[PDB]
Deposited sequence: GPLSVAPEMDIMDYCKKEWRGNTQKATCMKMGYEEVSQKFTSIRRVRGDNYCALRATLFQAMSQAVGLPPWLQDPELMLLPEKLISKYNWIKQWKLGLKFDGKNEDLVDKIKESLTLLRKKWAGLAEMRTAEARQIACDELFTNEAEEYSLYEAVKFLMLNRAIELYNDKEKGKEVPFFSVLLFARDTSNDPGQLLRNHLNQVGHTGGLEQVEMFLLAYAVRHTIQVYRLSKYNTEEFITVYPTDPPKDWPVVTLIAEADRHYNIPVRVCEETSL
């Protein structure tokens, strides 16, 4: 299919096309892109479907991959679908975009693709491969199923930790505080099953995504330009060794990718 992450273009050309006229909002958006442009020259427009946060994050992460992270090296990753689903039968309420075989296939694909990108000797080779992966075919959407599953797993771990009275990050308190997400099954039925289908990730879920793929997500939040949230980093205090991916969000809904 066609690319789902558009070829790059100059960031201020993009801004000039999108934000015309004299409103306060347009001016704030221009200021926001000007700030991004201090560090990045170009932007790739990410398909604005209900997977956009996952597509933006994963595209960035994979296109920058120079190694296979330990969490993807771990043999336990491939065993996780069987163990989780066997233990928590309610995971069978998973809405696809048996179940154990499907999720395992998706995780295997994620690992295989990531490992192949990491092996590549030129960054251009990596960009070519990574473009081909994000062409709106079954493989792309399989990656999202894997990432969603990792999000569920991390949420289960955090919930169980909280139950045992163990220290957890505060975002997880906020995640489970939502009346539609009080436990992992509610998270699955009311939030994760909707992702890619009827809605995208909420703020608190961007922290969950970051934890699930062990990447630090630095977001220019243009609707927050004249405030301290003009950039928000997910999580706030990650391990120093998590790679960093940078995104742009005009309105905390849709994410695009700055490049240099």
(message) Missing CA coverage against the deposited sequence, listed in sequence order.
(response) 98-105, 269-275
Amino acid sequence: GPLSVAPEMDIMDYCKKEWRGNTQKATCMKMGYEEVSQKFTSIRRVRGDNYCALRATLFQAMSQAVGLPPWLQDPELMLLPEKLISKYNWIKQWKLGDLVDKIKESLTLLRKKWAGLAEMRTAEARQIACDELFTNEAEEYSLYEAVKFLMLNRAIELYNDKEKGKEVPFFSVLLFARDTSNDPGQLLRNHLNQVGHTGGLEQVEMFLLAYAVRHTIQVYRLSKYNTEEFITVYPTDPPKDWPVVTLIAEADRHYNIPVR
From here on, numbers count along this sequence of modelled residues.
(message) Mean Cα B factor from the PDB record: higher for 140-148, or higher for 153-161?
(response) 153-161
(message) If you average the CA temperature factors as listed in the entry, which stretch comes out higher, 59-67 or 36-44?
(response) 59-67
(request) Go through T198, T216, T27, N226 one by one and give the residue whose Cα B-factor in the PDB entry is largest. (result) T198
(request) Among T122, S172, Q73, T135, single out the one with the highest C-alpha B factor in the record, please. (result) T122
(message) When the deposited Cα B-factors of this chain's modelled residues are ordered and cut into thirds, is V204 in the lowest, the middle or the highest one?
(response) highest
(message) Could you place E250 in the lowest, middle or highest third of its chain by Cα temperature factor, using the values in the record?
(response) middle
(request) Divide the modelled residues of the chain into thirds by Cα B-factor and specify which third, lowest, middle or highest, holds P2. (result) middle
(message) Based on the deposited C-alpha B factors for this chain, I'd like to know if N193 is in the lowest, middle or highest third.
(response) middle
(request) Relative to the other modelled residues of the same chain, rank the CA B-factor of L99 and answer lowest, middle or highest third. (result) highest
